Amino acid sequence: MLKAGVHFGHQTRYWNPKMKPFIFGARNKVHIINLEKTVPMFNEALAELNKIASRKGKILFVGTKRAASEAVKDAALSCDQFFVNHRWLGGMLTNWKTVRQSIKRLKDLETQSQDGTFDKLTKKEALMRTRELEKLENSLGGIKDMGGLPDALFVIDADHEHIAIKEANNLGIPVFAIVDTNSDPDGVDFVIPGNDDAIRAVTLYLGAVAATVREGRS
Amino acid sequence: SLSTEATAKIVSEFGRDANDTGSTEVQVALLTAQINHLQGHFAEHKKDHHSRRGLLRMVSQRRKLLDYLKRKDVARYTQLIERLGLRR
Amino acid sequence: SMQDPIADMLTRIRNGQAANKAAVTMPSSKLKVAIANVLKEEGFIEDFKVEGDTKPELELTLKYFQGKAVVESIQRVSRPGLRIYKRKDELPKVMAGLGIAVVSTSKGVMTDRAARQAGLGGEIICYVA
RNA sequence: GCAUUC
RNA sequence: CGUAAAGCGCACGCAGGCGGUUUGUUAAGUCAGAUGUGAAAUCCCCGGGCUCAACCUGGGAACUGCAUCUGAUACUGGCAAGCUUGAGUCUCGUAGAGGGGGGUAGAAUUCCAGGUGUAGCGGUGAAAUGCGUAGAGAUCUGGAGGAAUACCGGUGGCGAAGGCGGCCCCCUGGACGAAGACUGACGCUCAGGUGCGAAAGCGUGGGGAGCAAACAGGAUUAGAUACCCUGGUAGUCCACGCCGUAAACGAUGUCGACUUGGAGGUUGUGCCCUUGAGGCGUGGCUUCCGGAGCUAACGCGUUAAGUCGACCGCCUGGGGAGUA
Ligand SMILES: [Mg+2]
Ligand SMILES: [Mg+2]
Ligand SMILES: [Mg+2]
Ligand SMILES: [Mg+2]
Ligand SMILES: [Mg+2]
Ligand SMILES: [Mg+2]
Ligand SMILES: [Mg+2]
Ligand SMILES: [Mg+2]
Ligand SMILES: [Mg+2]
Ligand SMILES: [Mg+2]
Ligand SMILES: [Mg+2]
Ligand SMILES: [Mg+2]
Ligand SMILES: [Mg+2]
Ligand SMILES: [Mg+2]
Ligand SMILES: [Mg+2]
Ligand SMILES: [Mg+2]
Ligand SMILES: [Mg+2]
Ligand SMILES: [Mg+2]
Ligand SMILES: [Mg+2]
């Protein structure tokens, strides 16, 4: 529901003209979002997300900025949904079949560590090869068990994650995004105007969807 | 261009009163006064081409106004040219 | 200088539709109102209004369907430099009848279909699809 | 510093 | 028709083309119907006849035209009366290398005269021609004359374009803003025409410091009618006339309307005002980057090369040739 924070936007210099409808005014030289318009669209976002959630669909969280990199992972632990916390590899969805073998390599790396077959005297097995696990995990950690294209895309920034939006649009996957004043609309089917980088803003966002998904999943 | 006192004198002479400045008679009379006044200027400064271009605009503007007045009312046009002693 | 006010009315509609503008306002005239009335009847424009007496201003309420402009295309046909008149049998039909052509007949301004039904020709104003 | 041609 | 061929160098403008808005009238254009005519054949449509076809033939349609008659009045035009939003005049201000004329100032170069002073100076990649013991260069004093205006100076300003930089005066053009008043379509464009139009060049008469085609010498080089060096005439400057050409370029004609934005420069103006080398608005001009759209692409992008209207100019493979 409506509460403190989130309303804060960015400077009027970097505003996107396409977002004129969702700006309430230029307060202290920085645009502030119209909350009365955000709640209807936002409430629609959870309702749509709940509907697909009841269909056992797979939701994907896309957060790359350091401010929310750990936040998305926390939601991915509160619910069984998938996420991307670090750089979005170009083509994670367009050529998913190409990325499948990369996931399989991570599984093999994970296995070799579990049963201790990697504890060979050589540093090559001990150090060089095991350093690939965290390199792959930090980028493919939350997508390991997706097993296919997501049924919906959730994005914290529509411009910082413009690559992810393009892939989802190409594949026809519905896109939900926390679109900011400076961000580019028309690439997201469901737009949630508001702040994208404030810590207290995102946590409410991914926290809200992380909840309604659980009720929809049942 | 033209002194305010001289401009006021022409307005009251040709127009209905001191406030009727838009009348074709006032506009034509004002242009004629400046054109005649500038005759001495170009007698001495023969190659003041840049200012002469402005003078030709007044001549062209006066001709357009005179033709409009002639079309609108011939009788008024005939009286005006007689008073100003032009169209020779 | 402005020499074809009708083209300005059509241009404003075309530019406004491309800009996703809710409505377009322009100086009003009897011919513009007559053309606007035909557009409103055919469903191309939601509504139109005239405000002011000394300097009336004509406002047109544009309409959109599925987020795209209803008026796919609108072009002036008869122009001050070249005016076009058509007989009853020569009345054109836009997009094989899906569109309409606004015709200024002796009985007023009406679509090509109306003029054809009435059996009266006249000046072709514009094609709007 | 100058330094052509196939 | 920015770069592929193609926007006159830029303007003013007659003929011509086009023209805001309201009422009445006219019914020329336009539109409807009828009448006369539009020969026959031919073409076309439905039939008939040569064994079929070609071919022949009946009727219709067609001959998109012209003329008259009767009507229609929306649009265009004519006529009459209007209206203010286009355009224009007036009042108060602002900025500017806008133009013409006259005067004047300082720095510097060259030259002339004199003093001090002594063997180099000048120049190049190197060198030489050249200047100098007849006293150069350097340095100081005074005088003469010409040309251009350091700093300010800034993708700053002004002008139709070309173009216009010290300062002062005289004459003078245009632009822009503030409200208010006035005229009431007087407008836009423009073949021909006319005016202006860098530099070089030409004519006459002056002037001539610097610079410098031509020319001369010294170098360079296989040669060097060049680049480099030392000299140097026309010219560059002024007066008046002529020439009318430039990559005269934004390689982008003029006018008007419409269409998301961001950051600057410049010049007016409104308002909040004690919490000023402040806060929010509204005009003119102008630079840069970019959205839609557009474009062959590059790119353009509210100052369009986007979306439209009016008028003019111009292009139709290369070369020959903008030549005979
Ligand atoms: Mg070329
Ligand atoms: Mg070319
Ligand atoms: Mg008219
Ligand atoms: Mg008639
Ligand atoms: Mg016949
Ligand atoms: Mg037969
Ligand atoms: Mg009329
Ligand atoms: Mg001409
Ligand atoms: Mg010269
Ligand atoms: Mg000479
Ligand atoms: Mg001489
Ligand atoms: Mg030389
Ligand atoms: Mg030429
Ligand atoms: Mg030039
Ligand atoms: Mg050219
Ligand atoms: Mg040009
Ligand atoms: Mg003109
Ligand atoms: Mg741009
Ligand atoms: Mg020749």
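Computed over heavy atoms, backbone and side chain alike; hydrogens, waters and symmetry mates excluded. All chains are named by letter (A, B, ...) in the order of the sequence lines, taking the proteins before the strands, and each is independently numbered beginning at 1.
Contact check for A:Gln81 versus A:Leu60: no side-chain heavy atoms found under the 4.5 Å cut-off. When side chains are defined from C-beta on, B:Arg62 counts as touching B:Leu66, because their heavy atoms get closer than 4.5 Å. Side-chain contact between B:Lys72 and B:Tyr68: present, with at least one pair of heavy atoms (C-beta onward) separated by less than 4.5 Å. Contact check for A:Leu35 versus A:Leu2: side-chain heavy atoms found under the 4.5 Å cut-off. Annotation: side chain of A:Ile178 is not in contact with side chain of A:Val202 (no heavy-atom distance under 4.5 Å). The shortest distance between side-chain heavy atoms of A:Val84 and A:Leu89 does not fall below 4.5 Å. You'll find the side chain of B:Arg83 reaches within 4.5 Å of the side chain of B:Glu13, heavy atoms only. Side-chain contact between B:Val28 and B:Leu69 is absent, with no heavy atoms from C-beta onward closer than 4.5 Å.
Across all non-hydrogen atoms, the minimal contact from C:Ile45 to C:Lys63 is C-CD, 3.7 Å. Annotation for A:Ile199 and A:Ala67: closest pair CD1-O, 3.2 Å, computed over non-hydrogen atoms. Considering all non-hydrogen atoms of both residues, A:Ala168 and A:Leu153 come closest at CB-CG, 4.0 Å. The minimum heavy-atom distance between A:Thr38 and A:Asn34, with the atom names listed, is OG1-O, 2.8 Å. Taking every heavy atom of both residues into account, C:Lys49 and C:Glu51 meet most closely at CB-OE1, 3.4 Å. The shortest heavy-atom contact between B:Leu38 and B:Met58 is CD1-CE, 4.1 Å.
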**OP:** Applying side-chain contact (heavy atoms from CB on, under 4.5 Å), run through B:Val11 and B:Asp20 and close with a yes or a no.
**Re:** CA-CA 7 Å; B:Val11 166; B:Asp20 178 291; 5.8 Å; no
Original post:
Does the pair A:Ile143 and A:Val99 meet the rule for a side-chain contact (heavy atoms from CB on, under 4.5 Å), with working shown?
Top reply: CA-CA 10 Å; A:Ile143 298 326; A:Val99 181; over 6 Å; no
Subject >> C:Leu60 and C:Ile13: CA distance, side-chain angles, deciding distance, side-chain contact (heavy atoms from CB on, under 4.5 Å) verdict >> reply: CA-CA 8 Å; C:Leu60 299 181; C:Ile13 293 156; 3.6 Å; yes
Subject >> Worked verdict on B:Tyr77 versus B:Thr24 for side-chain contact (heavy atoms from CB on, under 4.5 Å) >> reply: CA-CA 10 Å; B:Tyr77 158 82; B:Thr24 313; over 6 Å; no
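In this structure, CZ in A:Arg66 is found 11.0 Å from CG in A:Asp197, a value given to the nearest 0.5 Å. Rounding to the nearest 0.5 angstrom, the gap separating the OG1 atom in A:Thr181 from the CG atom in A:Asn16 is 9.5 Å. One finds the NE2 atom of B:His49 at 11.5 Å from the CG atom of B:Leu56 (value rounded to the nearest 0.5 Å). Between atom CG of residue A:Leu206 and atom CZ of residue A:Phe154 there is a gap of 7.0 Å, rounded to the nearest 0.5 Å. For the atom pair C:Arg79 CZ and C:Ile84 CD1, the distance stands at 7.5 Å (nearest 0.5 Å). Rounded to the nearest 0.5 angstrom, A:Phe61 CZ and A:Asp74 CG are separated by 11.5 Å.
The closest donor-acceptor contact from the side chain of C:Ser104 to the backbone of C:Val109 lies at 3.5 Å or more, if one exists at all. Distance alone, capped at 3.5 Å, places no donor-acceptor pair between the A:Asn170 side chain and the A:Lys166 backbone. C:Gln17 places no side-chain N or O within donor-acceptor distance of the main-chain N or O of C:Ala69, the cut-off being under 3.5 Å. Remark: side-chain polar atoms of B:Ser60 are not paired, donor with acceptor, to backbone N or O of B:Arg57 under 3.5 angstrom. For the pair A:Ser69 (side chain) and A:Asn85 (backbone), a donor-acceptor distance under 3.5 Å is present. In terms of modelled atom types and a separation under 3.5 Å, the side chain of A:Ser218 and the main chain of A:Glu215 share a donor-acceptor contact. One N or O on the side chain of B:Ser12 and one on the backbone of B:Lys9 form a donor-acceptor pair closer than 3.5 Å.
A salt bridge links A:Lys65 with A:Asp196: at least one charged nitrogen is closer than 4.0 Å to a carboxylate oxygen. A salt bridge links C:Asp8 to C:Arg12: at least one charged side-chain nitrogen sits closer than 4.0 Å to a carboxylate oxygen. For the pair C:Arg76 and C:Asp4, the salt-bridge criterion is met [side-chain N within less than 4.0 Å of a carboxylate O].
Shown here is B:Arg63, whose CZ atom has more than 12 heavy atoms of other residues, nucleotides or ligands within 6.0 Å. More than 12 heavy atoms of other residues, nucleotides or ligands lie within 6.0 Å of CZ in C:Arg116, so this atom counts as buried by the packing criterion. By the 6.0 Å contact criterion, CG on C:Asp89 is enclosed, its count of non-hydrogen atoms from other residues, nucleotides or ligands being greater than 12. Heavy atoms of other residues, nucleotides or ligands lying less than 6.0 angstrom from NZ of A:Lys97 number more than 12. Other residues, nucleotides and ligands contribute over 12 non-hydrogen atoms within 6.0 Å of the CD atom of A:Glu70. At most 12 non-hydrogen atoms from other residues, nucleotides or ligands lie less than 6.0 angstrom from CD of A:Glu36. C:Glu42 CD: more than 12 foreign heavy atoms inside a 6.0 Å radius. Other residues, nucleotides and ligands place more than 12 heavy atoms under 6.0 Å from the CZ atom of B:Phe42.
A donor and an acceptor atom, one from each side chain of B:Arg16 and B:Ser23, are nowhere located under 3.5 Å apart. Side-chain atoms of A:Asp184 and A:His162 include no donor-acceptor pair closer than 3.5 Å. With 3.5 Å as the limit, one finds a donor-acceptor pair spanning the side chains of A:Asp157 and A:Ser183.
If you run salt bridge (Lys or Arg N to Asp or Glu O under 4.0 Å) between A:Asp80 and each of A:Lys56, A:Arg217, A:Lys58, only A:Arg217 comes through.
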Under 3.5 Å, which donor-acceptor pairs link side chains of residues 118-129 of chain C to any protein atom two or more places apart or in another chain?
residue	atom	partner	partner atom	Å
C:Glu123	OE2	C:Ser78	OG	2.3
C:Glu123	OE2	C:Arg83	NH1	3.2

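Taking the six-membered ring for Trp and thresholds of 30 and 60 degrees, A:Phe190 and A:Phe176 have nearly parallel ring planes, at less than 30 degrees apart.
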